[PDB]
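First the structure, in the form of structure tokens, and then the observations on it.
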Amino acid sequence: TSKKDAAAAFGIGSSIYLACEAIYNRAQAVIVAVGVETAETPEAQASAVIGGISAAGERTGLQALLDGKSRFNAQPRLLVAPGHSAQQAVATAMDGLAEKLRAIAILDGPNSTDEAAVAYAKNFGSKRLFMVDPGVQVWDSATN
Amino acid sequence: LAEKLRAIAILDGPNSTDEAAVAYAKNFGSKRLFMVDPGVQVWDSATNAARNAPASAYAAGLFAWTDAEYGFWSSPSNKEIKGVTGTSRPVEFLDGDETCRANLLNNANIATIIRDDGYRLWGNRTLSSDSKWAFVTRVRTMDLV
Amino acid sequence: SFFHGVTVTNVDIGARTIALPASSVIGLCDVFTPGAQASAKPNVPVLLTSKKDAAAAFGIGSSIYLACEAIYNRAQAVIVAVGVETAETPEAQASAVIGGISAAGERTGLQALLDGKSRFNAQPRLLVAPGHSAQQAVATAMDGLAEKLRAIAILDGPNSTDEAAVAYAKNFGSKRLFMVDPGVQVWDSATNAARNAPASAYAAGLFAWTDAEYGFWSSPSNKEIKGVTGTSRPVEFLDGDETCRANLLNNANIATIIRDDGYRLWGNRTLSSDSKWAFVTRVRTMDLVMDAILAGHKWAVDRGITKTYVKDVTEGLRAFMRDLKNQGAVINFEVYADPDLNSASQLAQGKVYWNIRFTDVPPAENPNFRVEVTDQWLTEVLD
Amino acid sequence: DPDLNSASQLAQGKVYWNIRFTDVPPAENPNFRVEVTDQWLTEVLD
Amino acid sequence: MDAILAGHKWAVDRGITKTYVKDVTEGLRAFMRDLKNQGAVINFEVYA
Amino acid sequence: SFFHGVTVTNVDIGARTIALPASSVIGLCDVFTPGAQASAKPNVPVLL
Amino acid sequence: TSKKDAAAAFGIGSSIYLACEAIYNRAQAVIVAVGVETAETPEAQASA
């Protein structure tokens with residue numbers, strides 16, 4: 001529920017705290033953040049964000065957002081996986097998850113040319129998908 | 001078994017070209033048979049890559065979704081298939097051309113997956129030799145009333 | 001108990017909204033010399049949206065940048081430009097402009113404009129091959145291409161005498177062919193002199209300017225051409241002579257560029273054999289309301305023919321033509337589901353028929369005035 | 001059932017009824033027949 | 001006959017809408033009315 | 001299923017307009033002297 | 001009836017849970033799943 005709460009939970013400087021910093025600098029919001037461990041390859045990173053169900057019988061990746069109402073009484077309405085939603089597999093997993101929550105899954109296309117943005121937006125056809133193409137250039141406090 | 005339970009058996013042919021799928025659907029000349037030929041390409045968590053799904057359980061998810069939102073009297077084609085990152089042997093349907101290989105597959109009473117990176121179904125036809133029962137809406141509603 | 005609890009449903013039975021597909025995308029295919037200053041491969045389509053982007057893709061001074069400079073100095077349009085390489089013989093130069101398909105199944109020449117919607121979401125409506133449309137081989141393959149895109153393939157005849165243009169326009173007889181005969185004499189800043197332009201891209205910018213200024217239902221046949229300095233082989237239109245040299249080319253379905261300093265387009269007729277599809281306004285408005293309906297009713301492909309389905313397609317089709325009628329595009333209309341075709345057998349096969357009759361706005365190419373003197377009111381100066 | 005409910009079968013004690021219904025067909029081919037006429041051109045006079 | 005011929009060269013490809021014939025006629029009635037109260041004509045009748 | 005999809009067809013059943021071909025085009029044939037100042041050939045037609 | 005019960009009954013990595021994940025990602029339905037063991041010969045896996 002605050003910017004200091006995200007740095008206390010996920011550590012300051014992580015790639016999900018940098019998304020909570022992006023939200024709390026503009027609005028005063030309430031985030032149900034999942035947080036996954038950093039996988040080795042960018043292929044196996046998409047396994048972590050999509051997730052599924054663990055061997056212990058528990059949802060892991062984006063699927064754990066369905067516990068937002070049963071555990072916090074906060075059902076999410078904006079589904080954001082920043083950076084990983086540019087992959088076709090994660091954006092389709094968040095496509096059907098946005099109908100299990102009646103949420104608006106805010107996608108973001110690839111940061112390449114505009115031809116590769118219309119070719120990416122021609123894959124979805126779903127009414128609960130909002131796509132923001134151009135990559136924002138923001139100041140990094142780590143690498144200055 | 002579909003005549004016993006009054007169900008609709010959702011089939012799927014091989015992942016070869018259309019010449020091998022039309023020749024497979026000619027064996028079936030009865031209703032309660034729904035053919036979805038082109039294989040859905042889905043992402044696998046084990047190999048961390050794409051996997052050719054048989055695309056028989058994705059039409060079943062589309063059949064079970066349209067009965068919740070629209071109803072059992074509604075055809076599940078022109079509705080979005082979700083969880084799909086593409087189609088093995090991608091089917092062409094450009095604007096309205098009858099020369100496309102999508103309409104050359106629907107004329108064998110075979111539902112297809114047509115859009116760019118495969119995001120909807122295409123076809124209402126069952127594999128029936130009767131002109132009356134050549135609709136998956138009429139077979140689903142007669143067997144339910 | 002089918003369900004024990006609250007059932008909140010979204011019925012989704014309303015009428016939809018039909019929009020127009022922007023009517024102003026220009027297909028271009030002209031030669032250029034590829035290298036380090038040109039960032040375009042010599043057969044792929046490039047989406048040029050500005051004058052600086054046409055120079056960064058094809059290079060300054062190329063024969064296709066000079067056609068993009070012709071459009072962007074008159075209008076502000078979207079150019080889907082292909083670009084090709086120079087052939088050694090002009091007999092085999094027409095084969096590179098037409099193209100066809102490659103060894104890898106990729107369309108190369110003018111056929112690459114069919115990828116304009118699948119790649120850039122911009123389907124071209126003006127098919128312009130400047131300089132190469134004077135050959136009959138390119139223009140026959142551009143008319144057949146204009147039936148694939150529902151476009152108006154803008155031609156330009158040879159810059160010889162007027163009989164060479166009448167004999168060139170006799171071959172076609174197609175309603176998607178708009179021909180501008182006299183070659184524009186334009187300033188060339190590469191040689192610091194005045195060259196002769198093929199006068200096809202200058203009429204392309206006139207079509208794309210009136211769509212942004214007066215609408216897609218408006219003929220460009222009275223509007224100014226900006227970039228020119230004159231006209232090669234000047235044609236004559238004096239005041240009101242129906243036997244002028246300019247009017248005899250419009251009578252042979254050929255548009256012209258008439259006045260001193262060459263600043264008017266004159267002619268709104270296609271090369272149509274039928275007198276129905278003569279005006280380029282009626283051909284343009286028909287392809288725009290046949291493509292808005294086709295690409296706007298992709299929601300209604302398996303919705304189920306109920307009584308409220310046909311009633312909410314028609315009332316969403318009536319509102320499309322009504323929003324065109326007060327806009328000025330059509331005069332009146334009559335949208336109605338056909339009772340004589342929507343039988344109980346045709347509905348059972350999944351076939352529903354709708355009729356959209358309408359009248360377009362014809363361009364007033366000949367306003368007559370019948371002036372007379374009389375002595376009817378002569379006894380009115382009496383009190 | 002009009003052709004089966006006979007007086008000779010009423011004594012058997014077995015009357016017949018028919019349940020017919022017309023199912024909603026999916027609109028798999030929504031044709032549009034759009035034409036350009038010159039009927040309302042005289043409407044442009046006042 | 002030359003004021004009308006050289007003064008209506010804007011209306012060569014405007015398109016026949018209801019406001020076109022309205023504003024050519026009512027732009028032509030004002031030309032003859034400005035001739036009537038100037039003294040050139042006595043009366044007029046301009047109509048499509 | 002002979003076609004699955006939207007079918008927009010222009011039926012093209014209007015009544016066509018007929019125009020008058022040419023009021024006065026004058027065919028001429030009289031003698032002349034071909035040479036330097038005369039740009040015509042002594043048998044081909046010349047549109048004047 | 002849910003994705004948890006389809007993974008509790010058959011386990012992840014099973015070919016029938018991959019079918020149940022295909023249904024529950026799109027709809028929310030009741031699945032009567034049988035589940036069989038893998039046969040060696042594919043000529044008799046259809047008989048299984």
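Ligands are numbered from 1 in the order shown, chains are lettered A, B, ... in the order of the structure tokens, and residues start at 1 in each chain.
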
TODO: For segment 69-74 of chain C, work out the shell of residues within 8 Å, counting only C-alpha atoms and skipping chain neighbours fewer than 2 positions away, then give it as a list in words.
DONE: residues 50, 51, 65, 66, 67, 76, 77, 201, 202, 204, 205, 206, 209, 225, 226 and 227 of chain C

Keeping C-alpha atoms for every residue in the selection just given, could you write it to a file as an mmCIF file, in the first residue's frame?
```cif
data_model
loop_
_atom_site.group_PDB
_atom_site.id
_atom_site.type_symbol
_atom_site.label_atom_id
_atom_site.label_comp_id
_atom_site.auth_asym_id
_atom_site.auth_seq_id
_atom_site.Cartn_x
_atom_site.Cartn_y
_atom_site.Cartn_z
ATOM 1 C CA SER C 50 6.451 12.046 -43.586
ATOM 2 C CA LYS C 51 8.828 13.703 -46.026
ATOM 3 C CA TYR C 65 11.733 10.015 -53.246
ATOM 4 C CA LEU C 66 10.892 12.509 -55.995
ATOM 5 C CA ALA C 67 7.412 10.960 -56.096
ATOM 6 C CA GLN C 76 -0.032 14.970 -45.901
ATOM 7 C CA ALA C 77 -0.746 11.297 -46.522
ATOM 8 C CA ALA C 201 2.072 11.531 -57.998
ATOM 9 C CA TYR C 202 0.896 15.144 -58.220
ATOM 10 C CA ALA C 204 -2.106 11.357 -56.071
ATOM 11 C CA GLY C 205 -1.514 14.181 -53.614
ATOM 12 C CA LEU C 206 -4.680 15.857 -54.871
ATOM 13 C CA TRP C 209 -5.668 16.289 -49.923
ATOM 14 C CA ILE C 225 -1.427 21.494 -57.849
ATOM 15 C CA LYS C 226 1.237 23.172 -55.758
ATOM 16 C CA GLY C 227 4.771 22.008 -56.522
#
```

TODO: When you get a sec, could you note down which chain E residues fall within 12 Å of chain D, using only C-alpha atoms, as a ChimeraX atom specification?
DONE: /E:15-26,47-48

Task: Straight-line distance linking atom CA of residue 304 of chain C with atom CA of residue 112 of chain B, stated in Å to one decimal - done: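 Between atom CA of residue 304 of chain C and atom CA of residue 112 of chain B the gap works out to 19.0 Å.
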
For the interface of chain F with chain D (cut-off 7 Å, counting only C-alpha atoms), please tabulate each contacting residue of chain F alongside its nearest pair of atoms and their separation in Å to one decimal, rows sorted by chain and increasing number, as CSV.
```
residue,atom,partner,partner_atom,distance
F:3,CA,D:29,CA,6.5
F:4,CA,D:28,CA,5.2
F:5,CA,D:29,CA,5.0
F:6,CA,D:30,CA,5.1
F:7,CA,D:31,CA,4.5
F:8,CA,D:32,CA,4.7
F:9,CA,D:33,CA,5.3
F:10,CA,D:34,CA,5.4
F:11,CA,D:35,CA,5.9
F:12,CA,D:35,CA,6.2
F:14,CA,D:37,CA,5.6
```

Those residues you just picked out, can you put them in a file as an mmCIF file, in the first residue's frame with N, CA and C atoms?
```cif
data_model
loop_
_atom_site.group_PDB
_atom_site.id
_atom_site.type_symbol
_atom_site.label_atom_id
_atom_site.label_comp_id
_atom_site.auth_asym_id
_atom_site.auth_seq_id
_atom_site.Cartn_x
_atom_site.Cartn_y
_atom_site.Cartn_z
ATOM 1 N N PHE F 3 -19.611 -20.847 -47.909
ATOM 2 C CA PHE F 3 -18.821 -19.695 -47.509
ATOM 3 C C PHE F 3 -19.106 -19.386 -46.049
ATOM 4 N N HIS F 4 -18.043 -19.124 -45.296
ATOM 5 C CA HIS F 4 -18.127 -18.759 -43.886
ATOM 6 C C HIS F 4 -17.492 -17.384 -43.744
ATOM 7 N N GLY F 5 -18.317 -16.363 -43.544
ATOM 8 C CA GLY F 5 -17.815 -15.008 -43.485
ATOM 9 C C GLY F 5 -18.751 -14.004 -44.122
ATOM 10 N N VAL F 6 -18.381 -12.731 -44.080
ATOM 11 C CA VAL F 6 -19.216 -11.668 -44.625
ATOM 12 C C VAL F 6 -19.079 -11.652 -46.140
ATOM 13 N N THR F 7 -20.188 -11.416 -46.836
ATOM 14 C CA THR F 7 -20.217 -11.402 -48.298
ATOM 15 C C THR F 7 -20.847 -10.090 -48.752
ATOM 16 N N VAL F 8 -20.017 -9.097 -49.048
ATOM 17 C CA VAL F 8 -20.482 -7.794 -49.504
ATOM 18 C C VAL F 8 -20.398 -7.776 -51.022
ATOM 19 N N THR F 9 -21.550 -7.708 -51.683
ATOM 20 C CA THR F 9 -21.628 -7.761 -53.135
ATOM 21 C C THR F 9 -22.316 -6.514 -53.661
ATOM 22 N N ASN F 10 -21.707 -5.889 -54.662
ATOM 23 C CA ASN F 10 -22.343 -4.806 -55.397
ATOM 24 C C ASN F 10 -23.198 -5.408 -56.503
ATOM 25 N N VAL F 11 -24.508 -5.164 -56.455
ATOM 26 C CA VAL F 11 -25.393 -5.897 -57.354
ATOM 27 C C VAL F 11 -25.446 -5.262 -58.743
ATOM 28 N N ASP F 12 -25.233 -3.941 -58.838
ATOM 29 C CA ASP F 12 -25.043 -3.198 -60.092
ATOM 30 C C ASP F 12 -26.251 -3.323 -61.027
ATOM 31 N N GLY F 14 -28.495 -0.618 -61.604
ATOM 32 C CA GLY F 14 -29.044 0.685 -61.894
ATOM 33 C C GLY F 14 -29.392 0.854 -63.360
#
```

Open item on the list: For the helix (DSSP H, G or I) assignment from backbone DSSP, which residues of chain G qualify? Please present them as a PyMOL selection string.
Closed with: chain G and resi 3-10+17-24+42-45

Written file, previous selection with C-alpha atoms, as a PDB file, in the first residue's frame:
```
ATOM      1  CA  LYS G   3      -7.133 -26.243 -11.769  1.00  0.00           C
ATOM      2  CA  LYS G   4      -6.007 -27.147  -8.236  1.00  0.00           C
ATOM      3  CA  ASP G   5      -8.016 -30.373  -8.220  1.00  0.00           C
ATOM      4  CA  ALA G   6      -6.821 -31.273 -11.720  1.00  0.00           C
ATOM      5  CA  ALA G   7      -3.221 -31.029 -10.482  1.00  0.00           C
ATOM      6  CA  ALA G   8      -3.931 -32.737  -7.167  1.00  0.00           C
ATOM      7  CA  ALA G   9      -5.494 -35.727  -8.937  1.00  0.00           C
ATOM      8  CA  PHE G  10      -3.150 -36.187 -11.907  1.00  0.00           C
ATOM      9  CA  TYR G  17      -3.375 -32.164 -16.668  1.00  0.00           C
ATOM     10  CA  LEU G  18      -2.019 -30.340 -19.724  1.00  0.00           C
ATOM     11  CA  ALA G  19      -5.468 -30.918 -21.229  1.00  0.00           C
ATOM     12  CA  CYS G  20      -7.189 -29.635 -18.080  1.00  0.00           C
ATOM     13  CA  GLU G  21      -4.973 -26.537 -18.070  1.00  0.00           C
ATOM     14  CA  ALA G  22      -6.148 -25.929 -21.643  1.00  0.00           C
ATOM     15  CA  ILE G  23      -9.774 -25.807 -20.487  1.00  0.00           C
ATOM     16  CA  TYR G  24      -9.388 -23.816 -17.270  1.00  0.00           C
ATOM     17  CA  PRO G  42       0.856 -46.996 -29.855  1.00  0.00           C
ATOM     18  CA  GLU G  43      -1.208 -49.595 -31.726  1.00  0.00           C
ATOM     19  CA  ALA G  44      -2.631 -50.681 -28.349  1.00  0.00           C
ATOM     20  CA  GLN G  45      -2.619 -47.318 -26.562  1.00  0.00           C
TER      21      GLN G  45
END
```

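In this model, the gap between atom CA of residue 136 of chain B and atom CA of residue 7 of chain B comes to 11.0 Å.
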
Using only C-alpha atoms, I'd like every residue of chain C that has an atom within 6 Å of chain D; please write them out as an mmCIF file with N, CA, C and O atoms, in the first residue's frame.
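The resulting file, out.cif, is shown below:
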```cif
data_model
loop_
_atom_site.group_PDB
_atom_site.id
_atom_site.type_symbol
_atom_site.label_atom_id
_atom_site.label_comp_id
_atom_site.auth_asym_id
_atom_site.auth_seq_id
_atom_site.Cartn_x
_atom_site.Cartn_y
_atom_site.Cartn_z
ATOM 1 N N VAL C 301 -20.407 -12.779 -37.284
ATOM 2 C CA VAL C 301 -20.212 -13.925 -38.161
ATOM 3 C C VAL C 301 -20.748 -15.222 -37.563
ATOM 4 O O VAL C 301 -20.957 -16.189 -38.302
ATOM 5 N N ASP C 302 -20.941 -15.295 -36.252
ATOM 6 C CA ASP C 302 -21.620 -16.457 -35.688
ATOM 7 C C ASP C 302 -22.512 -16.070 -34.519
ATOM 8 O O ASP C 302 -22.561 -16.765 -33.501
ATOM 9 N N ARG C 303 -23.247 -14.973 -34.648
ATOM 10 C CA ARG C 303 -24.025 -14.478 -33.524
ATOM 11 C C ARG C 303 -25.392 -15.130 -33.395
ATOM 12 O O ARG C 303 -26.040 -14.967 -32.357
ATOM 13 N N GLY C 304 -25.853 -15.853 -34.406
ATOM 14 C CA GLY C 304 -27.145 -16.496 -34.298
ATOM 15 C C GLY C 304 -28.273 -15.624 -34.797
ATOM 16 O O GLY C 304 -28.526 -14.557 -34.237
ATOM 17 N N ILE C 305 -28.970 -16.072 -35.838
ATOM 18 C CA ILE C 305 -30.002 -15.257 -36.465
ATOM 19 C C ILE C 305 -31.268 -15.293 -35.626
ATOM 20 O O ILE C 305 -32.099 -16.194 -35.773
ATOM 21 N N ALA C 348 -31.829 -21.080 -42.363
ATOM 22 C CA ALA C 348 -31.363 -22.348 -41.816
ATOM 23 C C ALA C 348 -29.991 -22.741 -42.341
ATOM 24 O O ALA C 348 -29.298 -23.525 -41.690
ATOM 25 N N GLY C 350 -27.725 -20.428 -42.677
ATOM 26 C CA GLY C 350 -26.855 -19.398 -42.150
ATOM 27 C C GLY C 350 -26.618 -18.236 -43.082
ATOM 28 O O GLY C 350 -25.580 -17.580 -42.986
ATOM 29 N N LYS C 351 -27.553 -17.957 -43.985
ATOM 30 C CA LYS C 351 -27.422 -16.876 -44.953
ATOM 31 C C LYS C 351 -28.454 -15.803 -44.645
ATOM 32 O O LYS C 351 -29.659 -16.064 -44.706
ATOM 33 N N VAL C 352 -27.984 -14.606 -44.314
ATOM 34 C CA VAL C 352 -28.844 -13.454 -44.078
ATOM 35 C C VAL C 352 -28.466 -12.375 -45.079
ATOM 36 O O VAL C 352 -27.279 -12.088 -45.267
ATOM 37 N N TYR C 353 -29.469 -11.771 -45.707
ATOM 38 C CA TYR C 353 -29.256 -10.794 -46.763
ATOM 39 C C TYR C 353 -29.766 -9.433 -46.318
ATOM 40 O O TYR C 353 -30.908 -9.313 -45.864
ATOM 41 N N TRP C 354 -28.924 -8.414 -46.455
ATOM 42 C CA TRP C 354 -29.302 -7.033 -46.206
ATOM 43 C C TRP C 354 -29.097 -6.220 -47.473
ATOM 44 O O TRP C 354 -28.163 -6.474 -48.237
ATOM 45 N N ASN C 355 -29.975 -5.248 -47.697
ATOM 46 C CA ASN C 355 -29.907 -4.378 -48.861
ATOM 47 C C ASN C 355 -29.600 -2.958 -48.417
ATOM 48 O O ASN C 355 -30.293 -2.413 -47.555
ATOM 49 N N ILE C 356 -28.567 -2.363 -49.002
ATOM 50 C CA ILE C 356 -28.192 -0.978 -48.722
ATOM 51 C C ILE C 356 -28.252 -0.233 -50.050
ATOM 52 O O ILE C 356 -27.280 -0.184 -50.805
ATOM 53 N N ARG C 357 -29.398 0.357 -50.352
ATOM 54 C CA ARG C 357 -29.517 1.232 -51.506
ATOM 55 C C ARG C 357 -29.213 2.655 -51.072
ATOM 56 O O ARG C 357 -29.668 3.090 -50.015
ATOM 57 N N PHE C 358 -28.440 3.373 -51.885
ATOM 58 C CA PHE C 358 -28.139 4.768 -51.594
ATOM 59 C C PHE C 358 -27.754 5.474 -52.882
ATOM 60 O O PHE C 358 -27.416 4.836 -53.880
ATOM 61 N N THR C 359 -27.805 6.802 -52.840
ATOM 62 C CA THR C 359 -27.346 7.647 -53.934
ATOM 63 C C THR C 359 -26.150 8.453 -53.460
ATOM 64 O O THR C 359 -26.200 9.072 -52.393
#
```

Open item on the list: Taking 2 positions as the minimum chain separation for residues in the same chain, which residues sit within 7 Å of segment 125-135 of chain B when counting only C-alpha atoms? Answer as a PyMOL selection string.
Closed with: chain B and resi 28-34+109-111+123+137-139

Okay, now the selection with N, CA, C and O atoms, as an mmCIF file, in the first residue's frame?
```
data_model
loop_
_atom_site.group_PDB
_atom_site.id
_atom_site.type_symbol
_atom_site.label_atom_id
_atom_site.label_comp_id
_atom_site.auth_asym_id
_atom_site.auth_seq_id
_atom_site.Cartn_x
_atom_site.Cartn_y
_atom_site.Cartn_z
ATOM 1 N N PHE B 28 -15.738 -39.969 -41.579
ATOM 2 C CA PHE B 28 -16.800 -39.725 -40.615
ATOM 3 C C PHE B 28 -17.954 -39.033 -41.321
ATOM 4 O O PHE B 28 -17.798 -37.918 -41.829
ATOM 5 N N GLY B 29 -19.102 -39.698 -41.358
ATOM 6 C CA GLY B 29 -20.278 -39.134 -41.980
ATOM 7 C C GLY B 29 -21.457 -39.105 -41.036
ATOM 8 O O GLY B 29 -22.593 -39.362 -41.444
ATOM 9 N N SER B 30 -21.201 -38.806 -39.766
ATOM 10 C CA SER B 30 -22.248 -38.742 -38.761
ATOM 11 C C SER B 30 -22.089 -37.480 -37.933
ATOM 12 O O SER B 30 -20.986 -36.950 -37.785
ATOM 13 N N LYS B 31 -23.197 -37.026 -37.355
ATOM 14 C CA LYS B 31 -23.187 -35.854 -36.490
ATOM 15 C C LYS B 31 -22.594 -36.227 -35.134
ATOM 16 O O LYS B 31 -22.108 -37.345 -34.928
ATOM 17 N N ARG B 32 -22.649 -35.278 -34.191
ATOM 18 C CA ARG B 32 -21.978 -35.351 -32.886
ATOM 19 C C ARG B 32 -20.480 -35.598 -33.037
ATOM 20 O O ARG B 32 -19.869 -36.301 -32.233
ATOM 21 N N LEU B 33 -19.887 -35.027 -34.080
ATOM 22 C CA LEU B 33 -18.459 -35.113 -34.338
ATOM 23 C C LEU B 33 -17.985 -33.754 -34.818
ATOM 24 O O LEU B 33 -18.440 -33.267 -35.856
ATOM 25 N N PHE B 34 -17.082 -33.145 -34.064
ATOM 26 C CA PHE B 34 -16.592 -31.807 -34.347
ATOM 27 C C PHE B 34 -15.092 -31.877 -34.578
ATOM 28 O O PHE B 34 -14.343 -32.276 -33.684
ATOM 29 N N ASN B 109 -16.188 -29.788 -43.753
ATOM 30 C CA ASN B 109 -16.833 -29.782 -42.435
ATOM 31 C C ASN B 109 -15.810 -29.878 -41.304
ATOM 32 O O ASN B 109 -15.918 -30.710 -40.404
ATOM 33 N N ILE B 110 -14.810 -29.004 -41.350
ATOM 34 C CA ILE B 110 -13.718 -28.994 -40.385
ATOM 35 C C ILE B 110 -13.574 -27.583 -39.838
ATOM 36 O O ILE B 110 -13.357 -26.638 -40.606
ATOM 37 N N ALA B 111 -13.689 -27.436 -38.523
ATOM 38 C CA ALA B 111 -13.414 -26.153 -37.896
ATOM 39 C C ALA B 111 -11.916 -25.877 -37.899
ATOM 40 O O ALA B 111 -11.094 -26.789 -37.799
ATOM 41 N N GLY B 123 -15.733 -22.061 -37.801
ATOM 42 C CA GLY B 123 -16.501 -23.183 -38.301
ATOM 43 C C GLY B 123 -17.604 -23.666 -37.385
ATOM 44 O O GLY B 123 -17.396 -23.831 -36.180
ATOM 45 N N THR B 137 -24.835 -26.156 -33.575
ATOM 46 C CA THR B 137 -25.852 -25.565 -32.718
ATOM 47 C C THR B 137 -27.108 -26.428 -32.667
ATOM 48 O O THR B 137 -27.684 -26.621 -31.593
ATOM 49 N N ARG B 138 -27.536 -26.969 -33.813
ATOM 50 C CA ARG B 138 -28.747 -27.785 -33.844
ATOM 51 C C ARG B 138 -28.555 -29.122 -33.148
ATOM 52 O O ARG B 138 -29.489 -29.626 -32.520
ATOM 53 N N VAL B 139 -27.364 -29.712 -33.254
ATOM 54 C CA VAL B 139 -27.108 -30.986 -32.595
ATOM 55 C C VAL B 139 -26.996 -30.789 -31.092
ATOM 56 O O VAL B 139 -27.452 -31.626 -30.304
#
```

Task: Computed interatomic separation between atom CA of residue 26 of chain G and atom CA of residue 51 of chain A (Å) - done: 16.1 Å

Given only C-alpha atoms, how would the per-residue table for chain C near chain E read, listing every residue at most 7 Å away with its closest atom pair and distance in Å to one decimal, sorted by chain and number, as a tab-separated table?
```
residue	atom	partner	partner_atom	distance
C:218	CA	E:15	CA	6.7
C:219	CA	E:13	CA	6.3
C:221	CA	E:13	CA	6.0
C:222	CA	E:13	CA	5.8
C:361	CA	E:16	CA	5.7
C:362	CA	E:15	CA	5.4
C:363	CA	E:15	CA	3.7
C:364	CA	E:15	CA	5.1
C:365	CA	E:12	CA	5.2
C:366	CA	E:12	CA	6.6
C:367	CA	E:12	CA	7.0
C:377	CA	E:43	CA	6.1
```

Task: Backbone DSSP call of strand (DSSP E or B) for chain B, listed as a PyMOL selection string - done: chain B and resi 9-11+33-36+40-44+49-52+80+87+111-113+120-122

TODO: Please provide as JSON, numbers by chain all residues within 9 Å of residue 83 of chain A, with the sequence filter that same-chain residues fewer than 5 positions apart are discarded (counting only C-alpha atoms).
DONE: {"A": [107, 108, 109, 110]}

Please produce a file of the residues just selected, as a CSV table (one decimal), in the first residue's frame, where the atoms kept are C-alpha atoms.
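Heads up, here's the output in part_36.csv:
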```csv
chain,number,residue,atom,x,y,z
A,107,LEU,CA,0.3,-5.2,-22.0
A,108,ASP,CA,3.3,-3.5,-23.5
A,109,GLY,CA,4.7,-4.4,-26.9
A,110,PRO,CA,8.3,-4.7,-28.0
```

- [ ] Compute the set of chain B residues within 8 Å of chain C, using only C-alpha atoms, and express it as a PyMOL selection string.
- [x] chain B and resi 69-70+74-78

Task: Residue neighbourhood residue 46 of chain A, 9 Å, only C-alpha atoms, exclusion window fewer than 4 positions, as a VMD selection string - done: (chain A and resid 39 41 to 42 50 to 51 84 87 89 to 90) or (chain B and resid 45 48)

TODO: Tell me the residues of chain C close to chain A, meaning within 10 Å using only C-alpha atoms, as a list in words.
DONE: residues 46, 47, 118, 119, 120 and 121 of chain C
